[PDB]
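Shown next as structure tokens: one chain only, the form deposited in one PDB entry.
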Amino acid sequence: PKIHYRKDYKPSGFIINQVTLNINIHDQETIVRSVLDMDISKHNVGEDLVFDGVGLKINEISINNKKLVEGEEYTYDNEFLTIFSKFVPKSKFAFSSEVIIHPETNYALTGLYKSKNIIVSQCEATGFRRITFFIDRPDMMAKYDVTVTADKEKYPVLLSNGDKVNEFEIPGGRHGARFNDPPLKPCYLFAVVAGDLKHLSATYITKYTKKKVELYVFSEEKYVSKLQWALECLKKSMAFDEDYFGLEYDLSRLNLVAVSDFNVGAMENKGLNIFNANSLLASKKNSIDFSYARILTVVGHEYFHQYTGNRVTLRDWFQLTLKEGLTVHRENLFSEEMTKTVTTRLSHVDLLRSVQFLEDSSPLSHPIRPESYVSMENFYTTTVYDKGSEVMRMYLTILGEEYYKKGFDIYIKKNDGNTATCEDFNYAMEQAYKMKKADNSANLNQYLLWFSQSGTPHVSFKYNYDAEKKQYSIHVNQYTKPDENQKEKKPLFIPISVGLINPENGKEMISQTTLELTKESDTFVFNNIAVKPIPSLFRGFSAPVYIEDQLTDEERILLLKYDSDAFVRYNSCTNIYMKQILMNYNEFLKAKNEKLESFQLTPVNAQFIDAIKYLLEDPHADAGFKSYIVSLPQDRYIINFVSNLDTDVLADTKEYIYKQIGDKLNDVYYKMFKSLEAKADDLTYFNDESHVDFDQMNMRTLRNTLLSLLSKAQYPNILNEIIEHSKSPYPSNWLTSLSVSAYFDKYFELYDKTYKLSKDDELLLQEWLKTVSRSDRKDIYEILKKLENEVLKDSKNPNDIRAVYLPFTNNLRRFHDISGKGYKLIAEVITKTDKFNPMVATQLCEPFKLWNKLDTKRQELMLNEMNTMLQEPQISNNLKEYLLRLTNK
């Protein structure tokens, strides 16, 4: 397998100026005719002309209308088309080809494929080469003129990039549409859609130029009514980019299209955004609450790419984080502003610290700009996206809003063209940094280490207070563990947003302060500090790091109750939980190892439990925040802090801790569950498709969290509440009723009831599948077999496969069953899936990412399954590369 190296970037010896496509869709095949108007670039050294072209069936190829002969003038090996240099012209020339492809049986969902009754493309990163021959790399900028023809009755709606400039009838019940898109673009932003699509539409009038923009949202006829929220989110997204960034949409039309079969959430093709239906379609009746934030987020994200990805392009794929980290950051800013809840930021931090931290301490650890790849598809990671976004967000923390907006505008103005690298963004931000610091000797050269250095920094603290001097010191240390990417780790530029809380009255003692840690260690001193403060460290989670606060649980409880910053409160709670988890874990483990007949456990801190009760009973406190405080930290967060983690021992630890807190607070939980009902479940706006209330949805989250806690505890008569909850109009409620009934003899009754409720909506059935999959059932293996035989079957829909299998892998007790049956089951699914969809097969490997962090026996069981998967004769390049890196081979 070819390994591509970052330091090897060289511009192409060729230029593609113009692409002219004719895509002719027929019943059994699609015919693709392409004329490339080409040139020789200044970097040309007389090399062969090599095009990317994967799985293409050649009918003919030509240079300047002269047919080329196979073997003599060219070879094709189903991956590269090589035209020998002596046959390549020395000035401007036309390359043309006609190939046959088969979207009907393209189950990998890359290139041109059929999703149900829709023909659709997916070209990022390297899928255009699956449609026709090309120098398939993002620095090859070209103009596109695309004609699509198809059966009119089957495919009445035809879409590509640019303006529809002609529509025509074709004999035999066919029709065509031509689309010209004069602005230059990379081929991964080419898109085509053909289907019987229904739409909603609106007009948006831009803020400054007052250009009218046509907004169209598309789906199959059955689900067209589920498009309204997406339309509202698009409007919101356009307004936000205008209001915050001063950026207007430049085209006269934007199309959003939902498809049922999609590898990821969506795709930002210019003017023609294509979406996983689960990230575009929603209704109050047929969607869970989560669909609303998911649509807002994904619609926002793809919209924001129009500048950060599309108008400013990548030079090469190693720069992925420059578009992805920057757009996730813009997306997160958008969502925070639209939702107006502190839980939006908390949820992003919750994702990074569980999922991405796991990745960064695993054998798959890479920097946000990697030095190499084999498979581009394996490159779209939580590190590149979510740590990338935290790195992009630190610019704004360091600069503040005014100067960040200056450096951003500098970046857009200097690179609106035009390809760019991560250094181009850093340069732009550095100019703002020079302006902010008021000296042109200031630089951000050390900041670049955030792009190149893998691993999570550990930031630890020590404190000194001198009562007579009124002088407070914070001593800070940073440390990143060596890994396979760097022997030596260097100190990073770490911004630490801090407050100092007066423990006597809970007040702020100092103004907003961001400590700039640029060394391995530093001491920050504060004068005129009247009383010994409690430090509020890394406000808003100001750097993507392990925080070691070295605070007592009493100090943490006081931050939890009194601090102004949502993250530090949440983190203080998290830290209290972690200390307890680690203590009880070691006590259980010692008992297990020593085969003790009797032993002790350290109870949960009583004042902590008292602080939880205080916050839950505070009517002015946020319901979403409340649901975090009653929940223990994620398993994938916990595992970063324990060597050779025994999953049964951890399951016993969590169980003990939840019972300790429930024994004190269950009456409080029950009272709140009941008192929240009216507002949480309010039906006033149920039939208003555009009325979305994130606070109310957080109240439902809280109620559903509490119901779960009460059902686990077998709170007296709680089954009555569960049964009533199943009668709710909200899917979040009635699907919660299913999962919490797991502990009761009424489970299969609610199984059948909720199935009947879900079965006639494709997306809702997938949510039902997730709920069953995640159900805390002792017969969960028999249940999964039932799902396979009765619901899933041989579906190749990634949403169906992911819904059945992934949530079950979060079942700590059962997925990690000591026989290895859970590991075996997932491995069988990966191998089966890899035959038709390597990308999704790789996604299904996520459970194994923590393999080497578990107890010796479980390490061995997982490793065996991965080596077995590796031994499969037909294994894809994508899966093979991933497992080889994961198993350190």
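Throughout, we count residues from 1 along the sequence that is shown.
**Between 742-750 and 640-648 (mean CA B-factor, as deposited), the higher** = In the deposited entry, the stretch with the higher C-alpha B-factor mean is 742-750.
**Asked** Higher mean Cα B-factor in the deposited model: 305-313 or 446-454?
**Response** In the deposited entry, the stretch with the higher C-alpha B-factor mean is 305-313.
**Request:** Could you tell me which one of 229, 808, 74, 658 shows the highest CA temperature factor in the PDB record?
**Result:** Out of 229, 808, 74, 658, the record gives the largest C-alpha B-factor to 74.
**Asked** Which of these has the highest Cα B-factor in the record: 120, 368, 410, 804?
**Response** Among 120, 368, 410, 804, the highest C-alpha B-factor in the entry belongs to 410.
**Chain thirds of CA B-factor: placement of residue 29** = Within its chain, residue 29 is a highest-third residue by C-alpha B-factor, going by the deposited values.
**Request:** Going by the recorded CA B-factors, say which third of the chain residue 68 sits in, lowest, middle or highest.
**Result:** Tercile = highest for this residue's CA B-factor.
**Asked** Which third, lowest, middle or highest, does the CA B-factor of residue 511 fall in along this chain?
**Response** Top third by C-alpha B-factor.
**Item:** Relative C-alpha B-factor of residue 183, binned into the chain's lowest, middle or highest third
**Value:** Its C-alpha B-factor belongs to the middle third of this chain's values.
**Message:** Lowest, middle or highest third: which one holds residue 855 when the chain's residues are ordered by CA B-factor from the entry?
**Reply:** Residue 855: CA B-factor falls in the middle third of its chain.
The next section is about a form of this same protein that is not shown, the form deposited with a small molecule bound.
**Prompt:** Only one of 129, 539, 323, 774 has a non-hydrogen atom within 4.5 angstroms of the small molecule in the bound PDB entry; which is it?
**Reply:** Answer to the contact question: 323.
**Interface residue in the bound PDB entry among 377, 767, 136, 565, criterion: non-hydrogen atom within 4.5 angstroms of the small molecule** = Exactly one listed residue reaches within 4.5 Å, namely 377.
**Item:** residue 305, heavy atom within 4.5 angstroms of the small molecule in the bound PDB entry
**Value:** Residue 305: contacts the small molecule in the bound PDB entry.
**Asked** Going by a heavy atom distance of 4.5 Å, is residue 414 a contact of the small molecule in the bound PDB entry?
**Response** Residue 414 lies outside the contact set for the small molecule.
**Exercise: residue 854 in contact with the small molecule in the bound PDB entry, heavy atom 4.5 Å** = Contact with the small molecule, no.
**Asked** Does at least one non-hydrogen atom of residue 334 fall within 4.5 angstroms of the small molecule in the bound PDB entry?
**Response** So residue 334 does not count as contacting the small molecule.
**Asked** Which one of these stretches, 95-103, 378-386, 669-677, 396-404, sits within 4.5 Å of the small molecule in the bound PDB entry when only heavy atoms are counted?
**Response** Looking at the partner contacts, the answer comes out as 378-386.
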